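There is one chain below, alone, in structure tokens, taken in the form deposited in one PDB entry.
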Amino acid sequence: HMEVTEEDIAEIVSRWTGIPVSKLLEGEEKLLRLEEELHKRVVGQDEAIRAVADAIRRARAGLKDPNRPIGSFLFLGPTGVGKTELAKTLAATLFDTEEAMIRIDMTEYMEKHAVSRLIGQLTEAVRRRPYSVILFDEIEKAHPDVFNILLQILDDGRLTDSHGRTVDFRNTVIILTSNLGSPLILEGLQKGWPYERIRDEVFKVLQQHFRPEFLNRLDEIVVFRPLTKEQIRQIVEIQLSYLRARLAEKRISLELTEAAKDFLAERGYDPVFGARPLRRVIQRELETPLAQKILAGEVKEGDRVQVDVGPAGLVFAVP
């Protein structure tokens, strides 16, 4: 039908039921091309994306335990290389909006009485949103008791609160994240440890916090890799999207050189936080002098701006 769209109908069903549009429109095939959706935003990390996609494909084919969340993942490796981005993108694609991602920072869940806070910070959030990606950040800091409740989610896709009434988790996607090993790998490189030492050290620290009985309940254990220079160069480009869209209103083009992107990349990426400090770097190195250039009148309506590297920082040109 022409005047009435698929979206029009889907929205009605979506609003009456509470089922996301995406979920109603999953079949109209996208599951086949879900890796490319996630690639629009998550540069690199091809293994992590396939994992997540393969897990979701299995649940959608009716091949997994129905009494479980759709997917359960442990995302290991360094921070700032795509974990949160992926989690968000995952929510936006499967459940329409990033607002459909619940983030539990386990730093607040270390001192025993933290279970009650969950059961109901967690249980209430998943009560009003049955269709949600749940992001447990740095899960290794979490207290044992708080870890026990997480297993209950992994066992039957449900969880009891204070009243006794169970909250359904069978439509949720659980992503757990941790750095464990990475800071340690950084230690041994700065301390000149032999490879096998570092490798032995990481393994035992992982064994301490995550015991087989818990990992067995997970769909995939993903280890995120550090980014290559080329991957970072694409991360720079993506991060510019908003600025470039802001300038585009006044028909202003922002055209960086090869050296320019590397410059930002160098200072906006480090092995500790990955690419997380890049935003502030862009804002300081490029967005600052550009603002000055505009307000000085040296950059105008429709102007094409060429960004190059220099000795002082970034140099700007008008052709």
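Residue numbers here begin at 1 and follow the sequence given.
Counting the unmodelled positions of the deposited sequence between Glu28 and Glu29 gives a small gap of 1 to 3 residues. The entry shows a gap from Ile119 to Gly120, with 10 or more unmodelled residues of the deposited sequence in between.
On average the C-alpha atoms of 248 to 256 have higher B-factors than those of the other stretch, with 36 to 44 and 248 to 256 being the two compared. Per the PDB record, of the two stretches 128 to 136 and 154 to 162, 154 to 162 carries the greater mean B-factor over its C-alpha atoms.
Residues shown: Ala100, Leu76, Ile232, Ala114. Highest C-alpha temperature factor in the entry: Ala114. Of the candidates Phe95, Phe224, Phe169, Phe147, the PDB record gives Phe147 the highest C-alpha temperature factor. Ranked by Cα temperature factor within the chain, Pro194 sits in the highest third according to the deposited record. Compared with the other modelled residues of the chain, the Cα B-factor recorded for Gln207 ranks in the highest third. Ranked by Cα temperature factor within the chain, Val173 sits in the lowest third according to the deposited record. Among all modelled residues in this chain, the alpha-carbon of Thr107 has a temperature factor (C-alpha) in the highest third. The deposited CA B-factor of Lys88 belongs to the lowest third of values across its chain.
The next section is about a form of this same protein that is not shown, the form deposited with a small molecule bound.
Taken together, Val42, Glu85 and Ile238 are fully in contact with the small molecule in the bound PDB entry: each brings a heavy atom within 4.5 Å.
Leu227 is the sole member of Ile139, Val126, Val133, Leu227 with a non-hydrogen atom within 4.5 Å of the small molecule in the bound PDB entry.
The listed set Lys30, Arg276, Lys250, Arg57 contains one residue whose heavy atoms approach the small molecule in the bound PDB entry to within 4.5 Å, identified as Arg276. The stretch among 58 to 66, 268 to 276, 290 to 298, 250 to 258 whose residues place heavy atoms within 4.5 Å of the small molecule in the bound PDB entry is 268 to 276. When the small molecule is considered in the bound PDB entry, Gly120 lies well away from it, no heavy atom lying within 4.5 Å.
Using a 4.5 angstroms limit between non-hydrogen atoms, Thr79 touches the small molecule in the bound PDB entry.
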